[PDB]
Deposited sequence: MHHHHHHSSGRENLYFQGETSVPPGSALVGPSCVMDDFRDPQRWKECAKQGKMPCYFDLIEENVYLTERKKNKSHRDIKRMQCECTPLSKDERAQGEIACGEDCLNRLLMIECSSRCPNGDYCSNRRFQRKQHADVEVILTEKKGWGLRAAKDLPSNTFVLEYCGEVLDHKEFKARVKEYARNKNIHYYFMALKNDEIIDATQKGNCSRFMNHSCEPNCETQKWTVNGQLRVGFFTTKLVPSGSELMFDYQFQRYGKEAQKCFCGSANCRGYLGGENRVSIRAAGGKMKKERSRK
């Protein structure tokens, strides 16, 4: 099966040529941070590491950082400055991953190196929609007969839509026995969703999260995860309303 590295999406014309030949996924607008469809877009207490502590391998803003424990990233004003290891989303400190074509789920994400447990993979970026916007896109994606869905609940009536604009996190497939999870992090007082490994993911293994999918559509998508505890369908047994799936 074909595979491509994350740096292949930074070349629109090469990517478009690869996509006509089925060597890369279809074109999408690559973004580095969420874009709000409508205009509606804190020091920790870590004692600064000395230069010698940094040389010794000591970590800055590690497991005991008050910002990290609350899933808040540090800013440029962190007491540990440049050494701060709690700015992964801002610095784009992504896991080494590849976009691969799967047998029946479309494109997916795989580990290019062994990924330890609790490793930041990528941020789930996209166009942040309100409920009015979410409903207009529900109608359009149903009209176009789209196979793949890219709506992620963020907060209350707000949804991150990675259908047209996003990054390689939009390729992560569902598994009923997942090896990743979402985590909601605050960066500059703004909520963001990232994917994190839930276990030691060996190199070459596909990265997947439990979508916990709220299906509004009439027909359930069969789940091809292949787990022993497979639920059979993305979205389980019951169908929910467009208002409930949208977070209301």
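- What the model leaves out of the deposited chain are the segments 1 to 29, 71 to 80, 288 to 295.
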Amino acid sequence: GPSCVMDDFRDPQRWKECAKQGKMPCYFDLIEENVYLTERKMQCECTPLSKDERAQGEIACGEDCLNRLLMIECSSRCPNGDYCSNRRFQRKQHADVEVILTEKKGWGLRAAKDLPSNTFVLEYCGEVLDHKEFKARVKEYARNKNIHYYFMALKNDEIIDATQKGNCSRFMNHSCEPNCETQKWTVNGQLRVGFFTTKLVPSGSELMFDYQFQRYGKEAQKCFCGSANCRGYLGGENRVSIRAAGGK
From here on, numbers count along this sequence of modelled residues.
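- Higher mean CA temperature factor, per the PDB entry, when comparing 164 to 172 with 127 to 135: 127 to 135.
- Per-stretch averaging of Cα B factors for 235 to 243 and 19 to 27 places 235 to 243 on top.
- For the set 36, 211, 185, 195, the PDB entry assigns the largest Cα B-factor to 36.
- Of the candidates 223, 200, 180, 70, it is 200 whose Cα B-factor is highest according to the PDB record.
- For residue 143, the recorded CA B-factor ranks within the highest third of the chain. Only modelled residues enter the ranking.
- In the deposited entry, the Cα temperature factor of residue 61 places it in the middle third of its chain's modelled residues.
- The PDB entry assigns residue 156 a C-alpha temperature factor belonging to the highest third of its chain's modelled residues.
- Residue 98: CA B factor in the lowest third of modelled residues in this chain (values from the PDB entry).
- In the PDB entry, a CA B factor belonging to the highest third of its chain's modelled residues is recorded for residue 113.
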